[PDB]
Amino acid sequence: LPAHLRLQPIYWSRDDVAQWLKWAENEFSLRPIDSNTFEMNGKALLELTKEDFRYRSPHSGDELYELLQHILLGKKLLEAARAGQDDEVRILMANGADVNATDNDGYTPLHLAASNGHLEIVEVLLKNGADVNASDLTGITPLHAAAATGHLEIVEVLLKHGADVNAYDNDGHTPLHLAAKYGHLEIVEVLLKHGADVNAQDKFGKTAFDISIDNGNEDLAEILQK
């Protein structure tokens, strides 16, 4: 994955800017432009106006400018969701921020609010079209994240909004496996009531029951047996 897709633009080097232009030409089917159309770094790109972009690229400048704004607003929303800043989330969405923006790990605002326990933000994102089943780079969904971190009310809201109870990540772990690993008995019970496959096996040959034993969560193993 190229640097410019892994960094916020304020950190892009001069070379990153050139690579971004070439990436955008292909991603957005734009008229080709010379790699030196913007002889500057990312911090400099952020100083230019839309009119400056249009001057430098008559065919694509407006698009390029708006792609950068999309990244900036997306990052503010990710950070506001992570930090539980309900008011900032509200302002950013009213300002058009992408509710399905992703960070360097594939985490969306919904992933971050779910992982950090911010129930009101989870609810507002879902009401406004956040993808309840978005999968990060390793296959983790918002439901995995809420289950692993012990946020029962969020688990319930995600399930009510259509979260896949049996989604599996790159290691074959379902939300049930993660709840078992971290000892979250009440979450295990909710997942089971919503159709979690108690017999799902991870890439290491283990079920949730095995994981619960391995982690000393004997109360969970009890619930899983019966």
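From 1 onward, residues are counted along the sequence shown.
### Between 123-131 and 95-103 (mean CA B-factor, as deposited), the higher
Averaging CA B-factors over each stretch, the winner is 95-103.
#### Entry: Mean temperature factor over C-alpha atoms, higher-scoring stretch between 30-38 and 158-166
Mean CA B-factor is higher for 30-38.
### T141, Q85, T108, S115, ranked by C-alpha B-factor: the highest one
Out of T141, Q85, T108, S115, the record gives the largest C-alpha B-factor to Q85.
### Query
If you rank the chain by CA B-factor, which third does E218 end up in: lowest, middle or highest?
Highest third.
### Message
How does the C-alpha B factor of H194 compare with the rest of the chain: lowest, middle or highest third?
### Response
Ranked within chain, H194 CA B lands in the highest tercile.
#### Entry: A80 CA temperature factor, ranked by third within the chain
It falls in the middle third of the chain.
### Message
Is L137 in the lowest, middle or highest third of its chain when residues are ranked by C-alpha B-factor?
### Response
Tercile = highest for this residue's CA B-factor.
### Task
Grab the CA temperature factor for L72 from the record and place it in the lowest, middle or highest third of its chain.
Middle third, going by the recorded CA B-factors of the chain.
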